[PDB]
Ligand SMILES: [Zn+2]
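Protein chains in written order, with the entry's author numbering: chain b, 242 to 287, 293 to 329, 334 to 352, 376 to 467, 475 to 624, 641 to 723; chain d, 844 to 918, 943 to 961; chain g, 21 to 328, 340 to 650, 661 to 810, 818 to 860, 872 to 945; chain C, 2 to 134, 144 to 271; chain u, 499 to 525.
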């Protein structure tokens, strides 16, 4: 019933090649005979990437879920047959893979990204089990060296999220060591952190916290689709980062080299680097590995937009605790220009209010800590009284009153600090 | 039974024009004609309407609503007359 | 949890420390925003009132700030009496600060306690207190309560009057005390008494601050209470022409500006005459500019028709047209342009050229300076000359010519605005485009790299006016533009915007080249697929330009090549569809274009199948298979018309231009269906008096002009060839099959909704009931939805009613067809449906969300959410039913 | 001084049992969870039988006792139902009870098996478990010719602390420390003791080395349902019920502290 | 001032177009 129809319509489209892929369009529209449409887009390929990759990427990744399920069931049923148009598709896709693999050229990296996300779609929805040659060529394409363009950043992000997504395509120690040497090469690279470094740091935090559930969500968000991963497949992946690749020392040293989220707010949702920095400061990791977080905290506080992110106040609180705990001493914000200049070039009012909140909370922590510190004289390191004269506390809380709804609990906590510490400003 | 109290103001002939509409959550839009006996007239241009309208339907899985509305009828069609008012109704099974 | 967070910030207000207590108080508005539940807002407000009653004055001020910030939530507390009573208990405090804070509470709560008489008495008593903060708070409370209650206003009007003429009251407190009379807009006699008091008050206290405040509150009373306006306008004009202070004149000017913005129709001719006479004999440019701003606001309304030869307004506009001040010149030009385009009398023919040359002089003055204030006057002048060109068509040639002559000798930042003006003019009058192409192309050539920041905007605007001006294609100018971008701009965003404008105006070969130049510049593969699809669409529309005339074989070749490229493009376009911002409109529009082109190709195949495949052996009927072929073609084209209509109804976020484009495509396929019907199927039944009343052809674009010209030509050919031939005719196939060529000769225009998503709105539609319901019971669909306005909520349209249609289809038909038009009140709606399931089994129900706008147009936009309902039977009822049946 | 952070790993989910592991919690919490599994998860069971006719060889108390032990489907209805003592009706009402009717007359020479198919509910969702739409039906009584059983039964809400007919579980398998690292039990001869199902030792080992710093965590469960509730619903309603008991005790303790102070 | 200028009035920047600008601008 199927082969005769496929041969008849392929002969008809051979007789009329002008409307040949219009019949592929009717195949997609009617959701009948998928292999016929595959043969139609294969037989008429005699610039860009190719038409086949666009066609099946649109099938698997389109808005229409019925077409996606129909093509996925087609590929799933075609896998069970003895090694027929599905194998022609796979051979064409493989020879397309070798057409760009060397690192990659700066113009072929987007083509490689599109092919790689096509393989994502195939192995995620279709249940396609790649061959040994397919897996070897795919992994060779994983470990390429892009020219560190934003296209290259997208390329390495997709490759890394596929290593997380499909850990069943290595199965060999040689591809394992190739993977980890590529990972170390990507880690020691500096221009990638301008992003990909946020993803690397966040998945390192998630394996250290043994989450392995929003790892799936991050992979699904980066690939842009839902895949069943079976996190027991990621069990060997966790031990590679946890014990060998992303140790606590190197993730702590990476935590300061990641750029801050520019103009972060409650509008910028999702799991941000500020959350990972807050989790590390909760565990006192920076003092445990002698890494300076003062510069990163100041740079993150200096760039904030008019809605208040809910993580900023706990981050400031745990940073102050990290300064004043007897475990060690994180360096406070310096008394000069990073505070005086910050409260004079055109810094945001939320930045000024956050710095004022940090200063007043540091004052209360100092006054509630020296009763039981008994550690060192340089451990408190109190701010100068001449500095506080340059801080318009009443003025800043006056602006904070007018933007109460744009701040989460910052105006409230600043009011509490003012009422406890400066009752002469609360008349 | 549902009791209503309508404050009709400046109605020329409320005896034969003012009608009560009950609208169930389904398509039922039963239209009730009040009798002239309970169109009280406490003043010039002021009228009071006190009817005990009657509501019934089979079982509901949840207390939905009912829509009670006064209507004005003319010699061929009817137009909305009062503010739409929602009343909660819960027909429990026997 | 809501109550858990309420207890979490409730435990802080017995802390004893004032800091944690004010913490607890000021956390309340965030709780109100998170949990807007009346039974919980009630308890929160009652304990806020309790801590107000027992707390110190700073806590009371914190409660006041919370109450001010939560004014929309305090209408839903419903335990008003005890809450207001426990706040009001500390009006009797001997502390004047506490009394002041309570008066500010009462004024803050005046929306929910009008006609509350003890509050009125407390405000009246506190207005006579000896403490300044208490009197100021009483003034604030009186201003709030007078706005919300007319019984408070009628006595407080007399009280405020008697304590204004009371000289024990100081001047500054008088100044604070005048604007209470603004809220006298309740009764006509109340407003009249307030106006009499204000008239005595202005002459009684002729201080500059007193006259400013009294005139402003008199005009706010006159604007709010509408039966005061002509006498207020004449009072303002009298004080503008007689009072010598500049501040009083400035308030009179800005106040007449407010009254002209609000109610321009109530201005008499005498008021405009008096304002013009004020503008003639003033010596100050700062006052004349404001007076001309008021007159230019009045000029754009119907007050000119009430005003109307050469009058004082015309002479004033001519005088201020030639003024050394640029703002005065801009206002005079605006008045002249509004007078010119307002009517068509014989007197304005002289001042038409005056307006043109004043526009040209303002262009030559405002272009070479690059001042921030010069760009505003330049925008005013260019908008005025756009209005002059559109309102009156014949003189547009001189406007275009002076823009072209000014373009070569102006600074760069001025050139973007003149390019915008020239593009706005050229889309309405197409005959002016081709004559200005050479000068604009030379201007494009002489750019090179002679800018660094405005170069990108100037490049995209000047390429835009090239594309609008050139109705035909480009041969060497395209290569010169390509070389200019390649040498100058490596920024691919400028290339993308220029290609976007090219595909907007139908220059598709240029767009194809620019999209080929852009495929290596993107980072995400999604934008790569999007750009590749755009490249293929532009290539296919370029391939459609090979239709010369009457050649149906070359027509088939060009349509086949265009179809090949165009659904290669849709193959690469659906790969760019994302879960977040999918390419839904683009995919539907491209699919409809594919279907239209395929139907065109099938119809040309039927043209050829007239002469080929001769008629059957039969002694309408006796025509062969071609009768059924045109029947199927008519059905396909009518289905295409319905699908273009449902795309129109499903868009709802497009411009007027994109909606007009979709309507044009729908009219195209409707025209083809009617051309089939009226001269193949049934010429006798069809061809009624379908004479389109082609009067004011207000076609906004050149593409629209071409489409309606093609429609008129094809309809005239169909009417002229209605019954002149037998239904199996060579002229019928020829005229229809050349109508195909005439329709496809004009290139397709991709509009803004294809490229930019503005007014992103949707329905969440979170319904609440495979669910199972008993056979005897009726299911209740408590369906609710929230709309999601993105950025501008009402940029093009606004939702008036959300029409929900729900129907039930058994055996997962359509028996529970229900409809309810619910109105969302806070961008949220909720209604409840009653669905009956007598037939046992799985019932697939679906719910639609149609949106009716302010104009009454139905837009089918909402999701089609489906849930399955199972009708399981009671075991007792099943046993009873089987016993009764058997 | 604060709460545990317990984790759940579920190793087997079936319509008849749930087999899960709770880690990082205390032994008392785990044992109380098991006790609420057995005793304090409310289900619907028959607790009011009116016998109208009983010609069977089994007397009325016997039939009523057997009817009480028939499990009924209780999912998402036991939460809506009030307790019969707490409801304000005079007799039973739909808001606190489910009415059952049985009327079997044996007129044939063959023995009539009165089963749970003959228990006819007035609620479509509270039905006997064997009547769900494989397994046979719970036999109530066998009837010979001439014998009949007509009765009206009312099924109400209760928990296993009152009567074992409201116990929703069959077997609550509970384990901790399968290798006896804590030496909480002391084998005189550990060699002859069989390994636990959750044991993590080799065949040569008999028990783990003694851990002096260890506490009981990693509690192993196998909650087999009798069919009245889904086993996952049994666990969820047990956690909710223990939470509710603790919250009620918090409320009464707060009132008592407020009244005393 | 054209009422239908696409490049002008770029205050209503979308999501796809903003990302496209960020991707094709700095390149
Ligand atoms: Zn009851």
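Note that beta-carbon positions come from the ideal geometry of N, C-alpha and C, so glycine has one too.
Pair within 7 angstroms by beta-carbon distance, residue i and residue j
i	j	result
residue 228 of chain g	residue 265 of chain g	yes
residue 827 of chain g	residue 894 of chain g	yes
residue 571 of chain b	residue 605 of chain b	no
residue 439 of chain b	residue 396 of chain b	yes
residue 232 of chain g	residue 291 of chain g	no
residue 236 of chain C	residue 72 of chain C	yes
residue 176 of chain C	residue 169 of chain C	yes
residue 166 of chain C	residue 79 of chain C	no
residue 401 of chain g	residue 442 of chain g	yes
residue 88 of chain g	residue 128 of chain g	yes
residue 185 of chain g	residue 134 of chain g	no
residue 833 of chain g	residue 888 of chain g	yes
Integer Cβ distance of residue i from residue j, believed to fall under 8 angstroms
i	j	result
residue 299 of chain b	residue 380 of chain b	The Cβ separation is near 16 angstroms, so there is no contact.
residue 306 of chain b	residue 318 of chain b	7 angstroms
residue 687 of chain b	residue 621 of chain b	Contact flag wrong, Cβ pair sits at about 12 angstroms.
Residue i in three-state terms, based on DSSP
i	result
residue 852 of chain d	strand
residue 902 of chain g	strand
residue 809 of chain d	Outside the shown range of chain d (844 to 961) lies residue 809 of chain d, about which nothing can therefore be said.
residue 177 of chain g	helix
residue 296 of chain g	helix
residue 289 of chain b	Note on chain b: consecutive modelled numbers read 287 then 293, so residue 289 of chain b has no coordinates in the structure shown.
residue 524 of chain g	helix
residue 113 of chain C	strand
residue 179 of chain C	strand
residue 696 of chain g	coil
residue 283 of chain g	coil
residue 45 of chain C	strand
residue 410 of chain b	helix
Cross-strand partners of residue i (DSSP beta bridge)
i	result
residue 912 of chain d	d/864
residue 24 of chain C	C/8
residue 231 of chain C	C/184
residue 112 of chain g	Paired residues: none, contrary to the question.
residue 853 of chain g	g/878, g/907
residue 890 of chain d	d/851
Interfacial residues, the region 897 to 910 of chain d to chain g, with Cβ spacing under 7 angstroms: The residues in question are 901, 902, 903, 904, 905, 907, 908.
Taking a Cβ distance cut-off of 7 angstroms, strictly less, list which residues of the region 620 to 632 of chain g are near chain u, in chain order. Listed by position, the residues of the region 620 to 632 of chain g near chain u (Cβ gap below 7 angstroms) amount to none.
Contacting positions in the region 429 to 457 of chain b - beta carbon closer than 7 angstroms to chain g: Within the region 429 to 457 of chain b, no residue qualifies.
Could you name the residues of the region 61 to 87 of chain C whose beta carbon sits closer than 7 angstroms to any beta carbon of chain g, in the order they occur along the chain? Of all residues in the region 61 to 87 of chain C, none has a Cβ within less than 7 angstroms of some Cβ in chain g.
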